[PDB]
Amino acid sequence: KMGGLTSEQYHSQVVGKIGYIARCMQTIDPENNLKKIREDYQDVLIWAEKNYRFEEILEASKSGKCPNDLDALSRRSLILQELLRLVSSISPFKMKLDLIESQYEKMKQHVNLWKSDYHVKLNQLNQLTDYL
Amino acid sequence: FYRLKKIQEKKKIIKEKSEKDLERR
Amino acid sequence: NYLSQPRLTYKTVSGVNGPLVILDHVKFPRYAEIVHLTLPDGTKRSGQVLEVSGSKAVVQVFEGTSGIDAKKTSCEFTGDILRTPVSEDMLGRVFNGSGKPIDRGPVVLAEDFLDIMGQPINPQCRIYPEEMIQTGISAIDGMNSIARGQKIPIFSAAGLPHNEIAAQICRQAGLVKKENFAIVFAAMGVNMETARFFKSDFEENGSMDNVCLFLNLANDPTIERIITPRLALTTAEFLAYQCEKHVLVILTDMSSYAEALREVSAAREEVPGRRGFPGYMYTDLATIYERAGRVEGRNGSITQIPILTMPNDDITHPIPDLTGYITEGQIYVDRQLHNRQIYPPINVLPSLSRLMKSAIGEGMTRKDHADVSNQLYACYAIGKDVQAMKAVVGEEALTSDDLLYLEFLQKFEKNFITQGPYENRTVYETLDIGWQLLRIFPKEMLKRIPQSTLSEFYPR
Amino acid sequence: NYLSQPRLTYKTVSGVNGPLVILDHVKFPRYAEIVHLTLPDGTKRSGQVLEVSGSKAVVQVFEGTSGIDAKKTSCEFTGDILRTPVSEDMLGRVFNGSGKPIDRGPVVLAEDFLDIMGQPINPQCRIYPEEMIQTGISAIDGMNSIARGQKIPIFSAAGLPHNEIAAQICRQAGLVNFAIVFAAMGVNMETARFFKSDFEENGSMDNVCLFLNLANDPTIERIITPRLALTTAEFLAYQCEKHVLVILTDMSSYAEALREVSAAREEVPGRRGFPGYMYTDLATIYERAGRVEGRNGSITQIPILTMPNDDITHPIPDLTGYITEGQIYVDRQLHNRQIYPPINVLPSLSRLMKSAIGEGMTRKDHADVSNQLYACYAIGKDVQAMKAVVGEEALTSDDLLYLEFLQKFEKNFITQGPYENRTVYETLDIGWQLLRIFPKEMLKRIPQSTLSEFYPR
Amino acid sequence: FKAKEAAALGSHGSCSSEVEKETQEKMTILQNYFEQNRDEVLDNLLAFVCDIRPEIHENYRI
Amino acid sequence: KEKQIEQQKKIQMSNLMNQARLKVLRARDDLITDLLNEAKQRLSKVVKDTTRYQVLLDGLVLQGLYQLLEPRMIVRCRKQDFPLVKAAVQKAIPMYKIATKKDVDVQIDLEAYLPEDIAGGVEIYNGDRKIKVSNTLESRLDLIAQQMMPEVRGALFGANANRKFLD
Amino acid sequence: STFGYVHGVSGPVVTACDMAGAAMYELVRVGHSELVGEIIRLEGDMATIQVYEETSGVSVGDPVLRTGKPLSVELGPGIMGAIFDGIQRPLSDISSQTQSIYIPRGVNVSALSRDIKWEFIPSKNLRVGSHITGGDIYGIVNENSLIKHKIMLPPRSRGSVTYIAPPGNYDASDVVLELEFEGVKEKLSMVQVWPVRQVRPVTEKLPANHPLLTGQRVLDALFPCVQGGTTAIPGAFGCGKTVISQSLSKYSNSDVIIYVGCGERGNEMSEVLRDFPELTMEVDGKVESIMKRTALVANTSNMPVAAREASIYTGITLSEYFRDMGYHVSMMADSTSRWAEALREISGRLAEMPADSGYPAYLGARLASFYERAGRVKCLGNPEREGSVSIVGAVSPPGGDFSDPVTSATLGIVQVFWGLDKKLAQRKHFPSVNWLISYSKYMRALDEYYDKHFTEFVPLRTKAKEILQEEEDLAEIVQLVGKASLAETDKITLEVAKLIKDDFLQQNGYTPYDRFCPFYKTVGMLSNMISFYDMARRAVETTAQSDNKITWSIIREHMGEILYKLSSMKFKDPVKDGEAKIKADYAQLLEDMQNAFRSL
Ligand SMILES: Nc1ncnc2c1ncn2[C@@H]1O[C@H](COP(=O)(O)OP(=O)(O)O)[C@@H](O)[C@H]1O
Ligand SMILES: [Mg+2]
């Protein structure tokens, strides 16, 4: 038992978050413009982008070579998701890179981002956008 | 009373199995 | 001195029934031996031999019997009884009811292997406990005072705050001052909210490096509860009697332990005791509760605080009834006080400590402690007898003396028993709050107190 | 297709014990099969296979095991479960509790043979019951209103006038005809004569079917008697599209016969020694009622209970109240006072009343009147209990209003007499004549719109 | 408020470095004592593994 | 508000020290795992020294037979080792008859073999295969090593200074 | 072997032989009609089987088809708006195929229809070579206008995507994903399958912080529940256990409702199927029927007794599957006593040794592990969502006695207890909740919610519990002594407790103004009743020392219109009247009573 999970489930969910963080990073910034964020995520973005296989990053997770704390990966993963929601909610318009890095840093410093009024304001934009 | 019966039955079954084993021996 | 001989593996399962697997063709079967079962999908389970007869052996399976089959499931007999690994490195770790890690740490690298049943300590080699623990709670430290090495359970019921009482004792307990505890904590059948509450409080108190947790939750298998208290107490005996620590042991529902014993005894078709429980349940609970105290020439101790939930609030039920015949008193938590929002809801009348008589008094605490304790108890008993009369006859029938007892009873519940979850009263604060309530009466009514104690302490 | 292979007959009886006979060397035994026994004196009996294992079959004999032996007793196995012959020619007939005629008529020609157990109706195919039956009795129609397709038993006790209530309902019931299926378990000859007389006297007997088991008839017939009746009701309602009213007399005798059978099998006891499965058994009787989608018939059930020592918490009324859509409660204290019908509203219920009443159903006030009569009767009963401690001199003027309402309600609303037949509208206007005893500000269940329209009259 | 939050974060960030330094000291001490003793331990393990000595169960009767 | 800063600080300090204990505990476990990997490698050299491997395999066969005690037994081996186990069985049978005072039939399984990945040793089965005894070198190494754990702790990392009594 | 044979039959229990390889809790099919049952004991080559269909007419030597699988549920689009039996057969498709009013024994119909086409949209960012793990949402189905049905990777499935279906219309049998892990391919459709006796995994379980709103004034004010909570409703017959369960199912803040009716009436499942399609919630200024968010599991009191257990596990497995989409689900169990009663018959026919009242010794562990499946969670898989299941279980203690083994085990587990009273039900006092015995453990978790949204409320809740507890202490004296000795503050306390008991704690669920009570109406009503109490108590307590002084009888004669207005607050209708109109009226009552006390 690791967390609430079997060890096989736990290490499979670690491979899943390393994969999902890569898909988020590629869709917030298709161009490598976002240098400070790509440095803060470098530990997980080293395993993606390179040619690799699910069973190899699973062995690296079991061996402790990649990041393998699901609590740290959940926190890291949510900050890109809540950034990507802002960037995707604001569809035709675009934010300045200085403002994007400011929103990221203001999110990263938050105690529990899921409770934030940032999360609520994005729920309200998605509620308006989903209707339209 | 219901729990003290059923013990009597399970004991009777054990005796009958033991008697059948003594008929096998 | 090792078992260097190969393990026999059998595919000779002959029946599966409730928690039990039955094997035949077993070679010289051993009572209480451990068995490892491998199911056809490659899952592994563990179990213990409950009965042997010729080539036949009966195994209880700790993780249950679902998916077991009589043809492909195989059992490896380990040649030995259940010995747990032990070490001092077990402090600051979290384990399940089988003693397997759940903190994402490694398995225990043993300092020794100990039989989970322990070894009988000679009655000649025990030391009588007399060091008072100040728990910080006035209803305990004043009137049900606890000696280091005692066993004293919390008797409670469904919906009552017994977990808050136990956690407050873990925060506040220490010796009386005119050393600190290692904590071993066993959960049998608790909900996730209870497991989170205790674990979070040890993290927030900052003391999580001096506690060992064994957790079996209400979704974990019932048959692990048979061994969970025994893993906790085998860990406490290593820490106390080899590493010379002072250990406080918490066993958080002995009612769920007793229910798991009834599952196995019913499945074995044994002659029932009262309420369907095993006829050997006194002897079984005694092998858990008597694993406490102090020993000659070793500077360590084990104190036990079991916790019970009484079904239908009934103290005459087998679980609390047998427990009172083994433990040195009880602390009773009352729905009547809880419905009035008194906290702690401790009812001092059915509560007892059997070791306080020698842990209190001059040089131990203070010379008045026994006299205040007796007089407060007597007044509260008389106050309940007055209150039960008044509820029929109405207040106009009462004497001035009856109104003194009725005032004392209200003041005693508001000031002495009510306390709050982080307030830490000393014995001396507790005893002086006691005198401020005994001040409700003239000296002629304080008949349990000798005239020297009245003369010295009443006029202050 | 037919069972066209022969029937096997066995002299292989291997044990006899209580109501049970055990046979061995039986060829492929069938669970719940029917067996015919011929005794050494040539008497015929029938039983049902209650357990099978290998070549052994355990059969329970409906008429009992006295005079059966191992050597000479001969058992014929039918190849099938218990099925009853059914036709509309069963209306205007009398049968005993095993379905055999007792009217000097012939045996039934079957339009079909039906399994006595029936089959559970799919909850998606059920139609919710909503058409109010007017019984003509104010305590039922105004405060426990009955919908066509309901289960609503009479909870009574020994010596109370519950047969007279059931006969008055059979006589007076209509909507705001019924075919009647009547079952008796363990009744005396006076009770059998009363119902038969009442049906013949009201000229109604061409539309009635009677299954009778008396206090001197076999006790295991009682467990098939109500299942023969309900199988007949299902043909009439769901194949011939009739509206059927089903009366089951002493479910207390059924439940005691069930306890007698289950005790003889050494099965798990529930409360007061009743079978551990009695709820599930009674549910197979009471759930055989209601309406279905696309068919124009219905079954309404009115079972009758005797509560032992008048105790509603006894297992029989207790497990019945968990299954049925309410109850009508007959009270010894009203009967001792010579009120009739002795119906006490407070322990009584109708679960289907809530949506069988109101605008276009009955009258718009009906729910508000009913709930305010419940509130005033309950407070009047609490004043009557209080006045026994403190005496009349301690009562306030408000207490004397509830105590006047209590006395007028039992004389005017509840008391009625055995052939008086009131409309719902008469019942509701008697209701308002009693509610106006109070100022409108005391009528706190009723909204101002209902008060302002109906109270000034 | 903000000064107390910054003081908590500065204290925490300081303690995290010392906790890692002490961890690296402890892990170094384990790696030293392991490599100093590995050979003597393996030479005992294989001396147990390779020395079989067959036996019948003592409850066996001819 | 203010107490949440104290709670966050306390919890974070508790989490830091917990994670630091788990690092040093995993460090021991990984070093112990490396030693057991080296023991498996060291045993593979004893297997390739076929003069010693016969002396081991003579013992591995006879020790399996003395655990089973059946009238008829089936021996399963790694395919490379067949001539060595056939010699071992031929030595085992007369020792078995002398020690047990009862007859035996022993057959090497020619139809199925232990995998070529196995370091060495045998398995022995009852004549219906519903009982077996496993006597591979990985089975011995594990069975021995787990019982040695208090002694490999004491040798690799030293005795606990706090443990005043062993009884 | 693939078949055993029936060796013997006794009620719902069958023994079979030639079953030697069969595992504990496999499904089997028994007889020539192929009745479903589950293996419950093993001995030699024999198996004992618990059958989920009636065994009447089954013969010795009949076949017993051995299936390599436990009891499981099909999970996918087509669950919302459906009704199923306890083993997940769809009762509307059974009606459509048979053209008859009955369920045939041994009937098979696929649980989710394979003929219906569903609009599937793949999740944009997934491409060939994407790494994916169990619980990952890979597309969405537009199941209806109220529920979007997320399609997600099965737990215990993982790999690299080799195919992903384009936007389109698909059958439940069409492959929508392919992936590989060990170099072996897996192919997936919109339907997965899960064992009902196994808990569906989660990333983490969370503390429950947000209320579950019932629309009752009692319950929502006095005895709260939470999203992720556990509740029991014990009572005698006819107390309201069904009406509370249906009202909470109609009007609450949950996203999805699962309703299980095991061992209860067929007319009540018919009632929900009549009532819920006609009843609408409002979304984007548009109405939607509450049946679009609802699923029913039926096994009525005359259906097979062993299928009551199947209903319970089916219902919570359907509930966990929607929790895993990031929904808040409520599961109703319309009586847990009926499942305990099924455990007892099977235990009796297996000839086991009983615990209390004949129930099996494992009963408490069955209940405790069922209620542990509730909670608030972080889901598995990577869109980083949260969801919950709340469980509300009715209990039917025989004779109304709460010392019942099922009630007594249940109250050892659940965090909320709504104890119903037959003496309230006989007065037509509904909901019949006994406010002296009932409790909630969640009242501290909800502190931060009320301290943000309803900052006046916790003081009013506290005063109301004290007035009701003071009246209970007075009433025992009043019954023996005859009321005349009371102080004027005690006569006030009795009258205001009577006002609360009659006009706050009481609702008719079958009338338009009290069908549902909003929390603004609830806090507003309690505020005015507690305000009148504090003013009446102040007027008496201030003047009682003077030669001329106020009494409750003076207040009654001076304020009969305000007392009548206070009793009439309940009649205001939350959809005929506005929120603004109701709050303005309750503010006007406060001015009217303040002007009356100024006149004293
Ligand atoms: N809140 C309510 N409002 C109005 N009537 C109610 C209410 N609760 C219960 N009832 C009435 O009481 C009957 C019994 O309720 P029900 O839920 O079926 O009882 P239970 O399940 O406890 O046996 C209902 O059919 C209805 O007539
Ligand atoms: Mg109900």
# chains A, B, ... in the order shown; residues from 1 in each chain; ligands from 1
$ residues_around --residues "residue 125 of chain A" --least-positions-apart "6" --cutoff "12 Å" --atoms "only C-alpha atoms" --output "PyMOL selection string"
chain A and resi 85-91+118-119+131-132
$ write_last_selection --atoms "N, CA and C atoms" --output "PDB file, in the first residue's frame"
ATOM      1  N   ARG A  85      -6.209  26.550 -18.064  1.00  0.00           N
ATOM      2  CA  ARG A  85      -7.615  26.969 -18.076  1.00  0.00           C
ATOM      3  C   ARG A  85      -7.752  28.458 -18.333  1.00  0.00           C
ATOM      4  N   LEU A  86      -6.959  29.313 -17.690  1.00  0.00           N
ATOM      5  CA  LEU A  86      -6.978  30.748 -17.972  1.00  0.00           C
ATOM      6  C   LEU A  86      -6.622  31.017 -19.436  1.00  0.00           C
ATOM      7  N   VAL A  87      -5.494  30.489 -19.899  1.00  0.00           N
ATOM      8  CA  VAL A  87      -5.028  30.657 -21.282  1.00  0.00           C
ATOM      9  C   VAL A  87      -6.022  30.114 -22.322  1.00  0.00           C
ATOM     10  N   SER A  88      -6.750  29.041 -22.020  1.00  0.00           N
ATOM     11  CA  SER A  88      -7.739  28.428 -22.924  1.00  0.00           C
ATOM     12  C   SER A  88      -9.116  29.087 -22.852  1.00  0.00           C
ATOM     13  N   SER A  89      -9.483  29.626 -21.690  1.00  0.00           N
ATOM     14  CA  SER A  89     -10.715  30.382 -21.455  1.00  0.00           C
ATOM     15  C   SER A  89     -10.702  31.693 -22.234  1.00  0.00           C
ATOM     16  N   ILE A  90      -9.556  32.371 -22.222  1.00  0.00           N
ATOM     17  CA  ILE A  90      -9.268  33.596 -22.968  1.00  0.00           C
ATOM     18  C   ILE A  90      -8.835  33.231 -24.399  1.00  0.00           C
ATOM     19  N   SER A  91      -9.793  32.821 -25.232  1.00  0.00           N
ATOM     20  CA  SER A  91      -9.501  32.126 -26.495  1.00  0.00           C
ATOM     21  C   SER A  91      -8.918  33.019 -27.610  1.00  0.00           C
ATOM     22  N   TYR A 118      -9.272  32.428  -7.488  1.00  0.00           N
ATOM     23  CA  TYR A 118      -8.774  32.197  -8.842  1.00  0.00           C
ATOM     24  C   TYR A 118      -9.500  31.005  -9.481  1.00  0.00           C
ATOM     25  N   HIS A 119      -9.566  29.876  -8.768  1.00  0.00           N
ATOM     26  CA  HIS A 119     -10.312  28.700  -9.199  1.00  0.00           C
ATOM     27  C   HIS A 119     -11.786  29.045  -9.439  1.00  0.00           C
ATOM     28  N   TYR A 131     -21.752  27.688 -22.090  1.00  0.00           N
ATOM     29  CA  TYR A 131     -23.036  28.092 -22.657  1.00  0.00           C
ATOM     30  C   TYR A 131     -22.876  28.634 -24.084  1.00  0.00           C
ATOM     31  N   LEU A 132     -21.985  29.612 -24.287  1.00  0.00           N
ATOM     32  CA  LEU A 132     -21.791  30.256 -25.589  1.00  0.00           C
ATOM     33  C   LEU A 132     -21.281  29.308 -26.686  1.00  0.00           C
TER      34      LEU A 132
END
$ residues_near_ligand --ligand "ligand 1" --cutoff "10 Å" --atoms "only C-alpha atoms and all ligand atoms" --output "count of residues only"
57
$ residues_around --residues "segment 16-21 of chain F" --least-positions-apart "5" --cutoff "7 Å" --atoms "only C-alpha atoms" --output "list in words"
residues 16, 19 and 23 of chain E
$ write_last_selection --atoms "N, CA, C and O atoms" --output "PDB file, in the first residue's frame"
ATOM      1  N   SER E  16      15.139  23.583   5.924  1.00  0.00           N
ATOM      2  CA  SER E  16      15.139  22.583   4.850  1.00  0.00           C
ATOM      3  C   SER E  16      16.554  22.241   4.358  1.00  0.00           C
ATOM      4  O   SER E  16      16.892  21.072   4.172  1.00  0.00           O
ATOM      5  N   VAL E  19      18.361  20.226   7.252  1.00  0.00           N
ATOM      6  CA  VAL E  19      17.795  18.870   7.260  1.00  0.00           C
ATOM      7  C   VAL E  19      18.387  18.022   6.129  1.00  0.00           C
ATOM      8  O   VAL E  19      18.769  16.870   6.352  1.00  0.00           O
ATOM      9  N   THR E  23      20.943  14.858   6.495  1.00  0.00           N
ATOM     10  CA  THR E  23      20.597  13.643   5.754  1.00  0.00           C
ATOM     11  C   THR E  23      21.781  13.134   4.934  1.00  0.00           C
ATOM     12  O   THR E  23      22.090  11.946   4.971  1.00  0.00           O
TER      13      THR E  23
END
$ residues_around --residues "residue 130 of chain G" --least-positions-apart "4" --cutoff "12 Å" --atoms "only C-alpha atoms" --output "PDB file with N, CA and C atoms, in the first residue's frame"
ATOM      1  N   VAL A  15       3.684   7.853 -13.629  1.00  0.00           N
ATOM      2  CA  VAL A  15       3.876   7.930 -15.088  1.00  0.00           C
ATOM      3  C   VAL A  15       2.779   8.776 -15.740  1.00  0.00           C
ATOM      4  N   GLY A  16       1.524   8.596 -15.323  1.00  0.00           N
ATOM      5  CA  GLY A  16       0.403   9.419 -15.772  1.00  0.00           C
ATOM      6  C   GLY A  16       0.585  10.923 -15.540  1.00  0.00           C
ATOM      7  N   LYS A  17       1.028  11.368 -14.357  1.00  0.00           N
ATOM      8  CA  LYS A  17       1.252  12.803 -14.099  1.00  0.00           C
ATOM      9  C   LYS A  17       2.438  13.379 -14.849  1.00  0.00           C
ATOM     10  N   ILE A  18       3.524  12.628 -15.005  1.00  0.00           N
ATOM     11  CA  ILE A  18       4.654  13.059 -15.834  1.00  0.00           C
ATOM     12  C   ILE A  18       4.188  13.250 -17.288  1.00  0.00           C
ATOM     13  N   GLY A  19       3.374  12.334 -17.825  1.00  0.00           N
ATOM     14  CA  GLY A  19       2.777  12.469 -19.155  1.00  0.00           C
ATOM     15  C   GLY A  19       1.810  13.648 -19.290  1.00  0.00           C
ATOM     16  N   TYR A  20       0.906  13.846 -18.335  1.00  0.00           N
ATOM     17  CA  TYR A  20      -0.072  14.941 -18.355  1.00  0.00           C
ATOM     18  C   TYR A  20       0.550  16.335 -18.205  1.00  0.00           C
ATOM     19  N   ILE A  21       1.586  16.484 -17.375  1.00  0.00           N
ATOM     20  CA  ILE A  21       2.355  17.732 -17.281  1.00  0.00           C
ATOM     21  C   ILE A  21       2.990  18.087 -18.630  1.00  0.00           C
ATOM     22  N   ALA A  22       3.515  17.114 -19.374  1.00  0.00           N
ATOM     23  CA  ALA A  22       4.059  17.362 -20.703  1.00  0.00           C
ATOM     24  C   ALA A  22       2.998  17.875 -21.690  1.00  0.00           C
ATOM     25  N   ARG A  23       1.813  17.253 -21.713  1.00  0.00           N
ATOM     26  CA  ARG A  23       0.694  17.699 -22.555  1.00  0.00           C
ATOM     27  C   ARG A  23       0.204  19.096 -22.177  1.00  0.00           C
ATOM     28  N   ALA A  48       9.603  13.363 -20.310  1.00  0.00           N
ATOM     29  CA  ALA A  48       8.925  13.661 -21.568  1.00  0.00           C
ATOM     30  C   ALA A  48       9.874  14.344 -22.579  1.00  0.00           C
ATOM     31  N   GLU A  49       9.361  14.703 -23.763  1.00  0.00           N
ATOM     32  CA  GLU A  49      10.068  15.369 -24.884  1.00  0.00           C
ATOM     33  C   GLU A  49      11.174  14.529 -25.560  1.00  0.00           C
ATOM     34  N   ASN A  51      12.702  10.735 -26.477  1.00  0.00           N
ATOM     35  CA  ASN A  51      12.077   9.452 -26.822  1.00  0.00           C
ATOM     36  C   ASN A  51      12.153   8.481 -25.631  1.00  0.00           C
ATOM     37  N   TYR A  52      10.976   7.982 -25.216  1.00  0.00           N
ATOM     38  CA  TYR A  52      10.886   7.046 -24.061  1.00  0.00           C
ATOM     39  C   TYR A  52       9.636   6.162 -24.174  1.00  0.00           C
ATOM     40  N   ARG A  53       9.515   5.133 -23.331  1.00  0.00           N
ATOM     41  CA  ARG A  53       8.374   4.195 -23.290  1.00  0.00           C
ATOM     42  C   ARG A  53       7.771   4.118 -21.894  1.00  0.00           C
ATOM     43  N   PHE A  54       6.472   3.840 -21.794  1.00  0.00           N
ATOM     44  CA  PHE A  54       5.731   3.796 -20.525  1.00  0.00           C
ATOM     45  C   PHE A  54       6.407   2.873 -19.509  1.00  0.00           C
TER      46      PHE A  54
ATOM     47  N   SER G 123     -10.547  13.965 -26.358  1.00  0.00           N
ATOM     48  CA  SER G 123     -10.088  15.041 -25.457  1.00  0.00           C
ATOM     49  C   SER G 123      -8.986  15.987 -25.983  1.00  0.00           C
ATOM     50  N   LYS G 124      -8.889  16.206 -27.300  1.00  0.00           N
ATOM     51  CA  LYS G 124      -7.953  17.107 -28.019  1.00  0.00           C
ATOM     52  C   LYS G 124      -6.451  16.832 -27.862  1.00  0.00           C
ATOM     53  N   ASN G 125      -5.928  16.831 -26.640  1.00  0.00           N
ATOM     54  CA  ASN G 125      -4.494  16.743 -26.343  1.00  0.00           C
ATOM     55  C   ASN G 125      -3.929  15.321 -26.477  1.00  0.00           C
ATOM     56  N   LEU G 126      -4.776  14.292 -26.444  1.00  0.00           N
ATOM     57  CA  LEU G 126      -4.356  12.910 -26.647  1.00  0.00           C
ATOM     58  C   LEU G 126      -4.086  12.628 -28.122  1.00  0.00           C
ATOM     59  N   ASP G 136      -7.894   8.212 -16.294  1.00  0.00           N
ATOM     60  CA  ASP G 136      -7.718   9.310 -17.247  1.00  0.00           C
ATOM     61  C   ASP G 136      -8.928   9.472 -18.166  1.00  0.00           C
ATOM     62  N   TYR G 138     -10.466  10.381 -21.429  1.00  0.00           N
ATOM     63  CA  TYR G 138      -9.960  10.464 -22.801  1.00  0.00           C
ATOM     64  C   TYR G 138     -10.989  10.966 -23.817  1.00  0.00           C
ATOM     65  N   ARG G 158      -3.557   0.772 -18.321  1.00  0.00           N
ATOM     66  CA  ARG G 158      -2.459   1.731 -18.548  1.00  0.00           C
ATOM     67  C   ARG G 158      -1.775   1.476 -19.891  1.00  0.00           C
ATOM     68  N   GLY G 159      -0.999   2.435 -20.382  1.00  0.00           N
ATOM     69  CA  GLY G 159      -0.097   2.218 -21.507  1.00  0.00           C
ATOM     70  C   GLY G 159       0.164   3.458 -22.349  1.00  0.00           C
ATOM     71  N   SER G 160       0.573   3.227 -23.590  1.00  0.00           N
ATOM     72  CA  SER G 160       0.740   4.235 -24.633  1.00  0.00           C
ATOM     73  C   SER G 160      -0.378   4.122 -25.661  1.00  0.00           C
ATOM     74  N   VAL G 161      -1.060   5.224 -25.964  1.00  0.00           N
ATOM     75  CA  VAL G 161      -2.137   5.280 -26.965  1.00  0.00           C
ATOM     76  C   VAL G 161      -1.621   4.850 -28.340  1.00  0.00           C
ATOM     77  N   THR G 162      -2.228   3.846 -28.968  1.00  0.00           N
ATOM     78  CA  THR G 162      -1.955   3.452 -30.362  1.00  0.00           C
ATOM     79  C   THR G 162      -3.061   3.886 -31.321  1.00  0.00           C
ATOM     80  N   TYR G 163      -4.285   4.122 -30.839  1.00  0.00           N
ATOM     81  CA  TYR G 163      -5.412   4.656 -31.618  1.00  0.00           C
ATOM     82  C   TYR G 163      -6.355   5.451 -30.712  1.00  0.00           C
ATOM     83  N   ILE G 164      -7.007   6.479 -31.250  1.00  0.00           N
ATOM     84  CA  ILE G 164      -8.006   7.311 -30.566  1.00  0.00           C
ATOM     85  C   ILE G 164      -9.046   7.762 -31.597  1.00  0.00           C
ATOM     86  N   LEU G 177     -10.727   3.612 -28.276  1.00  0.00           N
ATOM     87  CA  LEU G 177      -9.312   3.730 -27.916  1.00  0.00           C
ATOM     88  C   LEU G 177      -8.592   2.397 -28.126  1.00  0.00           C
ATOM     89  N   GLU G 178      -7.328   2.447 -28.524  1.00  0.00           N
ATOM     90  CA  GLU G 178      -6.391   1.336 -28.372  1.00  0.00           C
ATOM     91  C   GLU G 178      -5.115   1.834 -27.721  1.00  0.00           C
ATOM     92  N   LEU G 179      -4.487   0.982 -26.921  1.00  0.00           N
ATOM     93  CA  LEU G 179      -3.241   1.283 -26.232  1.00  0.00           C
ATOM     94  C   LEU G 179      -2.449   0.008 -25.949  1.00  0.00           C
ATOM     95  N   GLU G 180      -1.146   0.112 -25.718  1.00  0.00           N
ATOM     96  CA  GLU G 180      -0.293  -1.036 -25.378  1.00  0.00           C
ATOM     97  C   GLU G 180       0.674  -0.701 -24.240  1.00  0.00           C
ATOM     98  N   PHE G 181       1.079  -1.706 -23.463  1.00  0.00           N
ATOM     99  CA  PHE G 181       1.942  -1.531 -22.291  1.00  0.00           C
ATOM    100  C   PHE G 181       3.182  -2.435 -22.356  1.00  0.00           C
TER     101      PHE G 181
END
$ select_by_dssp --residues "chain E" --states "alpha helix (DSSP H)" --output "PyMOL selection string"
chain E and resi 2-49
$ residues_around --residues "residue 28 of chain F" --least-positions-apart "5" --cutoff "12 Å" --atoms "only C-alpha atoms" --output "PyMOL selection string"
(chain C and resi 89+105-110) or (chain E and resi 26-34) or (chain F and resi 21-23+33-35+152-153+156-157)
$ residues_around --residues "segment 427-434 of chain D" --least-positions-apart "5" --cutoff "9 Å" --atoms "only C-alpha atoms" --output "PyMOL selection string"
chain D and resi 136-139+141-142+363+365-366+369-370+373+405+408-409+412-413+422+454-455+457
